[PDB]
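Chains, contacts and geometry: an overview
Now for the letters of each chain:
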Amino acid sequence: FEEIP
Amino acid sequence: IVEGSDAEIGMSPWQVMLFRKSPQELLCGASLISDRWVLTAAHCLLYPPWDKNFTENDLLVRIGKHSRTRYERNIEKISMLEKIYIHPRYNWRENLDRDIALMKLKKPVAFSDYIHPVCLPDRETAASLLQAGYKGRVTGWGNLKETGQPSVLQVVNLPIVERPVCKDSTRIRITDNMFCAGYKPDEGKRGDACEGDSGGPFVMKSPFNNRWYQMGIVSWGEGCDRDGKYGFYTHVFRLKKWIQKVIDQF
Amino acid sequence: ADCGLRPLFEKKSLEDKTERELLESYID
Ligand SMILES: CCc1cc(OCC(C)(C)CN(C)C)cc([C@@H](Nc2ccc(C(=N)N)cc2)C(=O)O)c1
Ligand SMILES: [Ca+2]
Ligand code: NA
């Protein structure tokens, strides 16, 4: 999963 | 979802992703029912046989998503949980009877082109629509096969199955709080929910008022998309009094 | 009041590609 801000 | 297809943009704007913080991974599906309330399957949150017991701080809710893995800047909204509410008579010991939970969000979510609540059925909706052969729609980011993972939200349309046929397909006890859906071997067509899709919605579009209603929640199944097996879904209408009670009190 | 009406579909009188399959199953 792409990192969440 | 096995043997489904890519969702269109904004096709399921009530779709919610339950997202584990640590490690980052898909926990389950879910659905948006107002600006503050999210519906899912209890077993997504509580399942002692697998030592699953998630507290509010363990997960996030991601709403307005299409892509499984991407952070969808300017589109998706991330919400934290204030409180989880599991049905007090959820049966995790045997058959997942009353597999249903609500989650109240810490702050209301803003509706957009990508984010909008689904309706819940009333008695009339259920009697008219929850009939063998009538098709509903199941969506999720779960496994593409029983034995990989989709790029984007998957969708499959599946007919509700006669209760005797559902019962005769399994050794598990089927209750009035459950229904099953899927094609029969002789029907040729395929499709099922799978691991990772639990908690997601089974919806139907009323031919009377052109609104979408969440009739089921993805609960369980034995494998995925096997011939002679059917997916089992929580009967939302049957559990609506509990839904109302929780929202009215909390 | 607006539950179940999709901004990108019902709200703008557009149909998705497979909703007709559901309608066709609703026979009674
Ligand atoms: C907690 C109940 C449960 C059991 C389950 O079986 C797991 C097995 C078969 C891989 C192993 N069992 C014997 C422990 C798998 C699930 C999975 N959910 C699920 C949902 C729908 C379908 C379907 N319609 N085909 C299949 C699975 C899950 O949540 O992991 C949930
Ligand atoms: Ca049986
Ligand atoms: Na099957």
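The numbering shown runs from 1 along each chain in the order of its written sequence and may not match that of the entry; residues for which no coordinates exist are omitted. Following the order in which they are written, the chains are lettered starting with A and the ligands numbered starting with 1. Values reported for side chains reflect all heavy atoms of the structure, with hydrogen atoms and water molecules removed beforehand.

The deposited coordinates, according to the entry record, derive from X-ray crystallography at 1.79 Å resolution.

**What about the coordination of the calcium ion (ligand 2)?**
Our working definition: Each metal site is built from N, O and S donor atoms within 2.8 Å (3.2 Å for Na, K and Ca), and since water is not included, such sites may look incomplete. Burial classification: accessible surface area is computed with a 1.4 Å probe over protein chains only, and a residue below 20% of its type maximum counts as buried, one above 50% as exposed, and the rest as partly exposed.
Surrounding the calcium ion (ligand 2) are the protein donor atoms B:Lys167 (O) and B:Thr170 (O), which sit 2.6 Å from the metal. Using a relative accessible area of 12% as the deciding quantity, one classes B:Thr170 as buried.

**Examining the layout of surface pockets**
All names here are of chain B. Filter applied, for reference: The pocket and cavity definitions rest on a 1 Å grid over protein atoms only: a 1.4 Å probe that fits but cannot leave marks a cavity, an open set with protein on both sides within 12 Å along at least five of seven lines marks a pocket, and residues lining either have an atom within 4 Å of a point. Grid points are joined across faces, edges and corners, and a volume is the space filled by probe spheres set on the points. Helix and strand definitions here come from DSSP, where helices need a minimum of 4 consecutive H or I residues and strands a minimum of 2 consecutive E residues; each element is numbered from the N-terminal end.
Taken as a whole, the largest pocket spans an internal volume of roughly 910 Å³. Lining the largest pocket are 36 residues; nearest its centre among them are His 43, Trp 50, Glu 195, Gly 196 and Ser 198. When residues of the lining of the largest pocket are traced back to their parent elements, those giving at least two are β3 (25-32), β14 (212-220) and β15 (231-235). Take the lining of the largest pocket: its biggest share by element is four residues, from β3.

**So, the UniProt feature "active site" in chain B**
All names here are of chain B. Here is the rule: UniProt positions are given in the numbering used here, feature names are shortened, and annotations may be inferred rather than shown by experiment. In the analysis that follows, any N or O atom pair within 3.5 Å is treated as a polar contact, provided that within protein one partner can donate a hydrogen and the other can accept it, and provided that, for residues neighboring in sequence, both atoms belong to side chains. In what follows, a contact means two residues having at least one pair of non-hydrogen atoms within 4.5 Å.
UniProt annotation of "active site" refers to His 43, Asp 99 and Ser 198 when read in the numbering used here. Taking the annotated residues in turn, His 43 and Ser 198 line the largest pocket. Along the polypeptide, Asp 99 turns up in the loop between β8 (77-86) and β9 (101-105). By relative accessible area, which is 0% here, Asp 99 ends up buried. Side-chain polar atoms of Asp 99 contact the side chain of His 43, separated by 2.8 Å. Along the chain, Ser 198 falls in the loop between β12 (178-181) and β13 (201-205). Filtering out sequence-adjacent residues up to four positions away, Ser 198 remains in contact with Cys 28, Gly 29, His 43, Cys 44, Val 218 and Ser 219.

**Thoughts on the UniProt feature "disulfide bond" in chain B**
All names here are of chain B. Going by this rule: By definition, disulfides here are pairs of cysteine sulfur atoms that lie within 2.5 Å.
Regarding the annotated cystine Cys 28-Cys 44, the two sulfur atoms come within 2.0 Å of each other, below 2.5 Å, so the disulfide is formed in this entry. Of the two residues, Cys 28 sits in strand β3 while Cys 44 sits in the loop between β4 (37-40) and β5 (46-47), which places them 16 residues apart along the sequence. Each member of the pair, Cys 28 together with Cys 44, is buried. Measuring from sulfur to sulfur, the annotated disulfide partners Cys 166 and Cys 180 are 2.0 Å apart, close enough to count as bonded by the 2.5 Å criterion.

**Let's talk about the coordination of the sodium ion (ligand 3)**
For the sodium ion (ligand 3), the full set of protein donor atoms is B:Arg226 (O) and B:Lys229 (O), and the range of their distances to it is 2.3 Å. Relative accessible area serves as the criterion here: at 40%, B:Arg226 is assigned to the partly exposed category.

**A word on empty space enclosed by the protein**
As a reminder, the rule being used: All amino acids are sorted into three groups, where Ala, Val, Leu, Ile, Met, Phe, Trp, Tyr, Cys and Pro are nonpolar, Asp, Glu, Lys and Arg are charged, and the leftover types, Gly among them, are polar.
Each pocket or cavity is described by its volume, and for the largest cavity that value is around 40 Å³. Per-class residue counts for the lining of the largest cavity are two nonpolar, three polar and five charged. Its volume calculated, the second largest cavity comes out at about 30 Å³. Lining the second largest cavity are B:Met11, B:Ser12, B:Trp14, B:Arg137, B:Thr139, B:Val203, B:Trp212 and C:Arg6. Of the residues contributing to the lining of the second largest cavity, the split by class is four nonpolar, two polar and two charged.

**Points about the arrangement of the chains**
The protein chains that touch form two pairs of chains, and the pair with the most contacts between them is chains B and C. If you take every C-alpha in chain A and every C-alpha in chain C, the smallest gap between them is 26 Å, and the two do not touch.

**Some points on the sheet that holds β13(B)**
Residue and element names in this part refer to chain B. Heads up, the condition is: Being paired, for any two strands, means DSSP has found at least two bridges between them.
The strand order across the open sheet built from seven strands is β1-β11-β10-β13-β14-β15-β12, with neighbouring strands paired in antiparallel fashion. In this open sheet, the two edge strands, each paired with only one partner strand, are β1 (5-6) and β12. Bridging between β12 and β15 involves four bridges; their strand directions are antiparallel. When the bridges of β15 are listed, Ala 181 appears paired with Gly 231.

**Some words on the pattern of salt bridges**
Residues and elements named next belong to chain C. Formally: Basic side-chain nitrogens of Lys or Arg form a salt bridge, by our definition, when they fall within 4 Å of a carboxyl oxygen of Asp or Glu.
All told, the structure shown has 21 salt bridges over all chains when counted by the stated rule. Close ionic contact of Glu 10 with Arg 6 constitutes a salt bridge, the shortest N to O distance being 2.9 Å. Relative accessible area serves as the criterion here: at 17%, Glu 10 is assigned to the buried category. Across the salt bridge formed by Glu 15 and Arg 20, the nearest N and O atoms sit 3.8 Å from each other. Residue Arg 20 is classed as exposed on the basis of its relative accessible area of 51%.

**Considering the interface of chain A and chain B**
Inclusion rule: Here the buried area means the combined drop in accessible surface, using a 1.4 Å probe, for two parts upon being joined, counting both sides.
With five residues of chain A at the interface, the matching set in chain B holds twelve residues. Roughly 780 Å² is buried in total at the junction of chain A and chain B, and carbon and sulfur atoms are behind 65% of that figure. Run the count over chain A and chain B and you get zero salt bridges.

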